[PDB]
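Colleague: Shown below is the structure under consideration.
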Amino acid sequence: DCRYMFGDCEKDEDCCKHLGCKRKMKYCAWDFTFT
(Lines give C-alpha, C1' and ligand atoms only; values in the text may rest on other atoms or scores of the structure.)
Protein backbone atom coordinates (compact mmCIF):
# COMPACT_ATOMS: atom_id res chain seq x y z
CA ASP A 1 0.00 0.00 0.00
CA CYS A 2 1.08 3.58 -0.24
CA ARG A 3 2.91 5.60 2.26
CA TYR A 4 1.44 8.67 3.76
CA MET A 5 3.34 11.62 5.25
CA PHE A 6 6.66 10.81 6.93
CA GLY A 7 6.65 7.41 5.29
CA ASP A 8 9.76 6.40 3.30
CA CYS A 9 9.79 6.88 -0.38
CA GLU A 10 12.00 6.39 -3.41
CA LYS A 11 9.58 7.83 -5.83
CA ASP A 12 6.18 9.44 -5.65
CA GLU A 13 4.55 6.12 -6.45
CA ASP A 14 5.58 4.91 -3.03
CA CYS A 15 3.53 7.64 -1.52
CA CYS A 16 -0.16 7.98 -1.80
CA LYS A 17 -1.58 10.11 -4.56
CA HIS A 18 -2.58 12.71 -2.13
CA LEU A 19 1.10 13.13 -1.46
CA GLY A 20 4.47 13.38 -3.05
CA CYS A 21 7.91 12.19 -2.17
CA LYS A 22 10.46 14.52 -0.71
CA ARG A 23 13.74 13.16 -1.71
CA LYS A 24 15.44 15.39 0.80
CA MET A 25 13.65 13.87 3.67
CA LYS A 26 13.17 10.42 2.08
CA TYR A 27 9.63 10.68 3.07
CA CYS A 28 6.32 11.46 1.66
CA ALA A 29 5.07 14.94 2.08
CA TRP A 30 1.67 16.27 0.97
CA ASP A 31 3.32 17.31 -2.24
CA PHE A 32 6.52 16.63 -4.07
CA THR A 33 6.74 19.86 -5.97
CA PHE A 34 8.82 22.62 -4.45
CA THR A 35 6.39 25.39 -3.77
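Chain labels run A, B, ... following the order of the C-alpha coordinates; each chain numbers its residues from 1, and ligands are numbered from 1 in the order shown.
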List as a PyMOL selection string the protein and nucleic acid residues near range 3-8 of chain A, meaning an atom at most 7 Å away when only C-alpha atoms are counted, but skip any in the same chain fewer than 6 places from it.
Modeller: chain A and resi 14-16+19+26-30
Colleague: Report the distance between CA of residue 22 in chain A and CA of residue 34 in chain A in Å, rounded to one decimal place.
Modeller: 9.1 Å
